[PDB]
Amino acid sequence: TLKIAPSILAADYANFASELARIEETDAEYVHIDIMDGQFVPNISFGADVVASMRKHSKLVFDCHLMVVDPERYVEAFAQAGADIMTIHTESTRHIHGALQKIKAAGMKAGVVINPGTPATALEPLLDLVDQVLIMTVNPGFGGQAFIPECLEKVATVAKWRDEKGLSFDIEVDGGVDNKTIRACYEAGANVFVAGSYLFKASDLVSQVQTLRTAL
């Protein structure tokens, strides 16, 4: 099924609890949480203890995206913080396969993500292991960036592979997703759509999420 995942990176950091409540008013089923350490990407967003704090105020799926170097050192912390899905970059560790096994052994769903410049082939050795494949549609680091349509080719490629192997993991897109681009993402083969800046620039979060469902 098609899932909408509002990115909390675009919300009011001084009131996470009320922002989480606003999201739960919509029909979105996921909350996308961007962890940035200043190493993998230039800036620092927030870490596991912040996620743990958010956990107590939400019943949605915590879709954690780790834009940090050496993510395996945080598997235990995110499991304790209540992360439902942990998505890590093939570019952030020399042992992506083992890192993914670690996530699953910890009881969470395992997600793998690749940057716009990383070839889809970096995903092939991991298909039989992951629960989600995230294709970045903007270069990681911040919200409000321009959608990169070329990345949709990798979405198609992975969807084709999933079929050929008879696998069933979700395919997510993240970056520049809005009412004008989400349709292209769906057609390419994605079923999970992350949206930050677009959704949070509206006061009526419920209607904004609906503009995406309608665009679909």
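Residue positions are given as counts along the sequence shown, with the first one as 1.
The mean Cα B-factor in the deposited entry runs higher for 171 to 179 than for the other of 171 to 179 and 61 to 69. Per the PDB record, of the two stretches 200 to 208 and 16 to 24, 200 to 208 carries the greater mean B-factor over its C-alpha atoms. The top Cα temperature factor in the record, among 91, 76, 128, 84, falls on 128. Highest C-alpha temperature factor among 31, 48, 44, 184 per the entry: 184. The PDB entry assigns residue 146 a C-alpha temperature factor belonging to the highest third of its chain's modelled residues. Among the modelled residues of its chain, residue 35 has a C-alpha B-factor that falls in the lowest third according to the deposited record. Ranked by C-alpha B-factor against the other modelled residues of its chain, residue 52 falls in the lowest third.
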